[PDB]
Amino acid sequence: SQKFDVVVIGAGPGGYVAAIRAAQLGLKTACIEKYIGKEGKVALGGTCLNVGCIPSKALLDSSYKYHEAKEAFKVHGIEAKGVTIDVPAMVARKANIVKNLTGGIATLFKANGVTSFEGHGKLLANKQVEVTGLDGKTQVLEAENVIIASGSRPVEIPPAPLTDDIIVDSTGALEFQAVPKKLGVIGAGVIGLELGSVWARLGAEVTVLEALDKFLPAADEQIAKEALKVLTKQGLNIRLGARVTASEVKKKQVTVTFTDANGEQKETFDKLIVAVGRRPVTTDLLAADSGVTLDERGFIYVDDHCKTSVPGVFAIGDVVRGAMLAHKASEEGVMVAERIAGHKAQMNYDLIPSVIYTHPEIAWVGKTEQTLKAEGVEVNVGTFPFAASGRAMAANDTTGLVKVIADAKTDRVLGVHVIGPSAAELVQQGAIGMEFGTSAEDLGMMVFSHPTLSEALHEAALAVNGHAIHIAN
């Protein structure tokens, strides 16, 4: 009853996928989770399902539909009088989606034979896992293998500590019951831009204070430049080189002090979202005699196969090195489970795509132009704008472009970058090609359906070598 082949600590994208895969492989598997959802019961799915990926995308989709009805219907002949959005109802839809999907994970666990434990797991020496239940009582599970998937939480900064319901992190930003009239966001990363977009669409006057001089430095510079222009026009007052140093709450508002190129500045908001990154969670996770070590940044140290310093103990997802993304965590979970089952399964960290769920959506896979320049790789670049896409014109959504980067000597595609409609789907097309070593000409030779947004990738690939049909080369 206490013995398992695999004990997983955490039921986020890393842990719950690892648990399902382990069970599919015939391993007697347990998964421990402590997070309490909205109904007062344990809810699986981790950050991503409960306070992350899914909730944010739900509010992004609802808020965009309102925005389009208010600002982009007349051109179609559609007249909608007095369109309004009720924030409590919008948030309630998101909550219902979360409830359904978290229950869905429990259904998958049941179907696959995963044993769930409710409470806090702590790794002791020699792969024993102590579970403190919700009633405070402890039991020890004897594990042949342990998969640590304890995830992350928001970074906290002393200049902007969470305060009442006025200074919030991403979790509180997904729970506003009314549109903040003036909204401040600290951090112009993915989370800050997505959350700022939600509330700007519904009428908030949004300022985003970003300490770095460079916007979206991980994105391709051409993509980031267009993103900054478009998002600023949408009402995200993105201030670069602006570092918050202090805040003061009074009269149900918060005044932020920050330093920019022109010196000390102050700005007052009704709500302030702190979105300055995420940190790995190891709180009470490892006994002093567990043998598992942390790096200087607080991540659990693992090798390229996610194995810790302790045989039979693995760690995956946001608590270890690499991109802090849900699909990265889940793929690591699959790899670890398959390796426990005896398969020499491998993971490719080079083709993990990134998506920013603004509208226009931003997505990419592979290397940026600036990275390849720093590496000394000569490249050919092809782009195609959605302004030249018949499908995008029909959709009344022509902002953005597709960019394909190929090695100048071999024509191998090295990166695909998109800002525009269905960016993530077009990037996935590129990623599939790159898995097979596609050249730019390979993509150019394929039949792409017309009219589709995918044609923009086809034209960009042809443009790499100067023979796109529908733009000057």
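For every residue, the number given is its place in the sequence shown, counted from 1.
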Next on the checklist: Mean CA temperature factor from the deposited coordinates, higher in 225-233 or in 255-263?
Outcome noted: 255-263
Item to check | Given 15-23 and 460-468, the range whose Cα B-factors average higher in the PDB entry | outcome: 460-468
Checklist entry - Among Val131, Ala160, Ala329, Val146, which carries the highest Cα B-factor? => result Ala160
Checklist outcome for this item: When the entry's CA B-factors for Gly151, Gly241, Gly400, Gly119 are compared, the highest one belongs to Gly241
Next on the checklist: Split into thirds by Cα B-factor across the chain's modelled residues, where does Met393 land: lowest, middle or highest?
Outcome noted: middle
Next on the checklist: Is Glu33 in the lowest, middle or highest third of its chain when residues are ranked by C-alpha B-factor?
Outcome noted: lowest
Checklist entry - Going by the entry, which third of its chain does the Cα temperature factor of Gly376 land in? => result highest
Item to check | CA B-factor ranking of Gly317, expressed as a third of its chain | outcome: lowest
Checklist entry - If you rank the chain by CA B-factor, which third does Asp284 end up in: lowest, middle or highest? => result middle
